[PDB]
Amino acid sequence: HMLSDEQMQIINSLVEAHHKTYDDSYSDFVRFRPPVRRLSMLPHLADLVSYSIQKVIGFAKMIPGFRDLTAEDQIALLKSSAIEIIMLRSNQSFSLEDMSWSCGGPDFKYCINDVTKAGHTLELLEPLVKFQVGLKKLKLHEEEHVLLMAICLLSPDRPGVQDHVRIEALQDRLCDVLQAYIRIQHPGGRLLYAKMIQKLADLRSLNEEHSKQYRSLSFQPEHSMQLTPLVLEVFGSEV
Amino acid sequence: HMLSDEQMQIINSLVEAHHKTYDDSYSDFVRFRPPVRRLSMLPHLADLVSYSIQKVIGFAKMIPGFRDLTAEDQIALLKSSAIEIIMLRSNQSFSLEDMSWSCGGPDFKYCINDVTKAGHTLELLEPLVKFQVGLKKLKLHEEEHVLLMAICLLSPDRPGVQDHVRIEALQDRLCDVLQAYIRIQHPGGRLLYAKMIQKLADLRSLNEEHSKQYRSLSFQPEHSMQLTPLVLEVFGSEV
Amino acid sequence: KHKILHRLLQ
Amino acid sequence: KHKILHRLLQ
Ligand SMILES: C=C(CCC(C)(C)O)C[C@H](C)[C@H]1CC[C@H]2/C(=C/C=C3/C[C@@H](O)C[C@H](O)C3=C)CCC[C@]12C
Ligand SMILES: C=C(CCC(C)(C)O)C[C@H](C)[C@H]1CC[C@H]2/C(=C/C=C3/C[C@@H](O)C[C@H](O)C3=C)CCC[C@]12C
């Protein structure tokens, strides 16, 4: 009926790592290629994603146990989970009032229609937005949002993972933290853990549709040249 | 004592091609990643170069005879001449009043010190600036500037060219145009052609120092990730 | 090999 | 192979 000392240190270092790698001011967005509203939004959103991958890598390196994985498994885990973690962390800027991501003035407010102008279609953006409002209605604690991202990232059921048992145990140690956290520290949350595990299944199906729609981008050199070298490396097929 | 009809059509289509691919307003510079003044200038100048390569490719495709080369020789010629053509076309924005490239307000005015903040050292920027003021003092006609770029681009003495004779003949046909042009249409220019051919030799030695200083960039992934996919493709070693 | 340049060269 | 990610992963 009370969190372990180990379980709160896990929560601590995961919450601190999210604060180091998530800026609520979004002030760095002025450094991206400006948005334009042909694929007019693709340079700005490709910069936005590229920046976000760098933040996700910074977060991941501070999940307890992730550094001790081989560099191969680290890369395997980041390559196939990155768009899910971005979709997850992006909920901090999502808003039900506008059904958009509000990261600034009108410039860094990302409508559904802006993201279409980046080479993605409704069949991704429709489930993605729906996912965001469901996620938003869970009204998660900071400790739960942060745990969910790390549980998502530490999925052993991902292409190319070598050490299935080592990461499965890591993901299990984190799920136990989340289950205990919700039960001890979240009133009225007895049905919440199941709803977050559901959100992971939603992420796989969004990840699948994105990577398919991304392949269609990356095969047109006129569009792929608008990406960044990190994006291309993270979302392409290698070892 | 009078230009051939063939020689003026060559001049015509080369001058029109430069106007299609060179904007004197520099209005597109707002679309680059903004400059910052660690390598703070590298994102903005990497965008500037990447844009310029796209313009040089547009110019080259309209040099008479360049389209009929194999795609291999076209790529060979563009890969090893691109930074020289950029250095050549950049003279349109250079200014002796400031010894900088003035493409806008204070933002798109590129001091010598800004370019150092993009990962290049004085041993390139010192000969480069000196090259620009010498080039500027030639006070070239539009027809000569345009011819010089195409003569630079059509150099058969470049790594990987296959059809040495076909491009040598093309470069010869263009040099004859320039020699005749200067003699017929440029009063007091009887020593000018030799001075432009000298500028080509200057370009080789600047190209050599840049590609060496670029190798030192491209081997540090933290810096190379700041480049664009076109830059990386054009300045790297492939077939 | 030279994906972008081939496309840019029409 | 994964030049940037290896560097980013320290
Ligand atoms: C253009 C897109 C990808 C193009 C490529 C070229 C990668 O295919 C579509 C993606 C699928 C979706 C998913 C999240 C979506 C968004 C996130 C907003 C934020 C702001 C802040 O909260 C930080 C946070 O990190 C974050 C990323 C809104 C834009 C579209 C975004 C990236
Ligand atoms: C940062 C640099 C390269 C970095 C990489 C990453 C490529 O190594 C240094 C280069 C060597 C030099 C050469 C020309 C130089 C300049 C040109 C200005 C213009 C404006 C307009 O006139 C259009 C014109 O096209 C053009 C390019 C000024 C900046 C430094 C520039 C690119």
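Chain A is the first sequence line, chain B the second, and so forth, proteins listed ahead of strands; every chain is numbered from 1.
Rounded to the nearest 0.5 angstrom, B/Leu124 CG and B/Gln213 CD are separated by 5.0 Å. Expressed to the nearest 0.5 Å, how far CG of B/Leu232 lies from CE of B/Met225 amounts to 12.0 Å. The CD atom of A/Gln54 sits 10.0 Å away from atom CG of D/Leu5, with the distance rounded to the nearest 0.5 Å. Distance NE2/D/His2 to CG/A/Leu230: 11.0 Å, rounded to 0.5 Å. Interatomic distance, CG of A/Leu77 versus CG of A/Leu153, reported as 6.0 Å (0.5 Å rounding). Put simply, NE2 on B/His141 and CD1 on B/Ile11 are 11.5 Å apart, with the number rounded to the nearest 0.5 Å.
Using modelled atom types, one side-chain atom of A/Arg67 and one backbone atom of A/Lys61 make a donor-acceptor pair closer than 3.5 Å. Side chain of B/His223 to backbone of B/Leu39: no donor-acceptor contact under 3.5 angstrom is found. With hydrogens and angles ignored, the 3.5 Å screen pairs no side-chain donor or acceptor of B/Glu209 with any backbone N or O of B/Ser205. Looking only at distances, no side-chain donor or acceptor of A/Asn91 sits under 3.5 Å from a matching main-chain atom of A/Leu88.
Partners of A/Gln74 under the side-chain hydrogen bond (donor to acceptor under 3.5 Å, both in side chains) rule, at least two apart in sequence or in another chain, do not exist in this structure. Scored by the salt bridge (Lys or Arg N to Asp or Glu O under 4.0 Å) test, A/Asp28 finds no partners at all (sequence neighbours excluded). In this structure, the side-chain contact (heavy atoms from CB on, under 4.5 Å) partners of B/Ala150, at least two apart in sequence or on a different chain, are B/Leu14, B/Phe59, B/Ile63, B/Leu174.
By the neighbour-count criterion of 12 heavy atoms within 6.0 Å, atom NZ of D/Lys3 is sparsely surrounded, having that number or fewer from other residues, nucleotides or ligands. Open room surrounds CD on B/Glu126; 12 or fewer heavy atoms of other groups in view lie less than 6.0 Å from it. Within 6.0 Å of atom CZ in B/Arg37, more than 12 heavy atoms from other residues, nucleotides or ligands are found, so the atom counts as buried in its surroundings. Surrounding CD of B/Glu222 are more than 12 heavy atoms belonging to other residues, nucleotides or ligands, all under 6.0 Å away.
The minimum heavy-atom distance between A/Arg89 and A/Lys55, with the atom names listed, is NH2-CB, 3.6 Å. The two residues C/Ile4 and A/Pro221 come nearest to each other via the heavy atoms CA-CB, 4.1 Å. Nearest heavy atom pair, residue A/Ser27 against residue A/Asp23, reads N-OD2, 3.1 Å. In plain terms, the two heavy atoms of B/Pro43 and B/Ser40 that are nearest each other are CD-O, 3.5 Å. Closest approach of B/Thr228 and B/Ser50 over heavy atoms only: OG1-OG, 2.9 Å. The heavy-atom pair separating A/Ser81 from A/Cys152 by the smallest distance is CB-O, 4.3 Å.
For the 3.5 Å distance criterion, the side chains of A/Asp73 and A/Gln162 fail to qualify, holding no donor opposite an acceptor. There is a side-chain donor-acceptor pair under 3.5 Å between A/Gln92 and A/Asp24. For the 3.5 Å distance criterion, the side chains of B/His120 and B/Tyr214 fail to qualify, holding no donor opposite an acceptor. Side chains of D/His6 and A/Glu233: no donor on one and acceptor on the other come within 3.5 Å.
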Assess the residue pair B/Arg173 and B/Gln7 against the criterion (side chain to side chain contact (heavy atoms under 4.5 Å, CB included)); give the C-alpha distance rounded to whole Å, side-chain angles, the decisive distance to 0.1 Å, and a yes or no. CA-CA 9 Å; B/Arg173 156 116 241 178; B/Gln7 300 177 308; 3.7 Å; yes
With side chain to side chain contact (heavy atoms under 4.5 Å, CB included) as the test, would you mind laying out the steps for B/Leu128 and B/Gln132 before giving the verdict? CA-CA 6 Å; B/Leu128 172 60; B/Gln132 297 286 328; 3.8 Å; yes
Quick one, B/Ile83 with B/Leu206, criterion side chain to side chain contact (heavy atoms under 4.5 Å, CB included). Give me CA distance, side-chain angles, the key distance, then yes/no. CA-CA 9 Å; B/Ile83 205 65; B/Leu206 288 161; over 6 Å; no
Chi angles and distances behind the side chain to side chain contact (heavy atoms under 4.5 Å, CB included) call for D/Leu9, A/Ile75: CA-CA 9 Å; D/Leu9 290 168; A/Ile75 297 173; 3.7 Å; yes
Decide yes or no on ring-ring contact (aromatic ring centres under 6.0 Å, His included) for A/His44 and A/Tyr110, but give the supporting numbers first. CA-CA 11 Å; A/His44 178 85; A/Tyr110 308 111; 5.6 Å; yes
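No salt bridge links B/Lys199 with B/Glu84; every basic N to acidic carboxylate O contact stays at or beyond 4.0 Å. Using a cutoff of 4.0 Å between basic side-chain nitrogens and carboxylate oxygens, A/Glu208 and A/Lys212 are not scored as salt-bridged. A salt bridge does not link B/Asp47 to B/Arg31: none of the charged nitrogens lies less than 4.0 Å from a carboxylate oxygen. Under the 4.0 Å criterion applied to side-chain N and carboxylate O atoms, B/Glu238 and B/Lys79 are not assigned as salt-bridge partners.
B/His210 has its ring centre less than 6.0 Å from the ring centre of B/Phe235. Between B/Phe29 and B/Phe108, the gap from one ring centroid to the other is short of 6.0 Å.
Contact of the B/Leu42 side chain with the B/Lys117 side chain is not registered, since no non-hydrogen atoms from C-beta on lie closer than 4.5 Å. A heavy-atom distance below 4.5 Å is not found between the side chains of B/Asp163 and B/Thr70. Counting only heavy atoms from C-beta outward, the side chains of A/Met87 and A/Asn207 never approach each other to under 4.5 Å. Side-chain contact check for B/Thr116 versus B/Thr121: every heavy-atom pair is 4.5 Å or farther apart. A heavy-atom distance below 4.5 Å is not found between the side chains of B/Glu123 and B/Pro127. Between B/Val30 and B/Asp107 there is no side-chain heavy-atom pair separated by less than 4.5 Å. Within the 4.5 Å cutoff, the side chain of B/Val234 has no heavy atoms near those of the B/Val49 side chain. Using a 4.5 Å cut-off on side-chain heavy atoms (C-beta onward), A/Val115 and A/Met41 make no contact.
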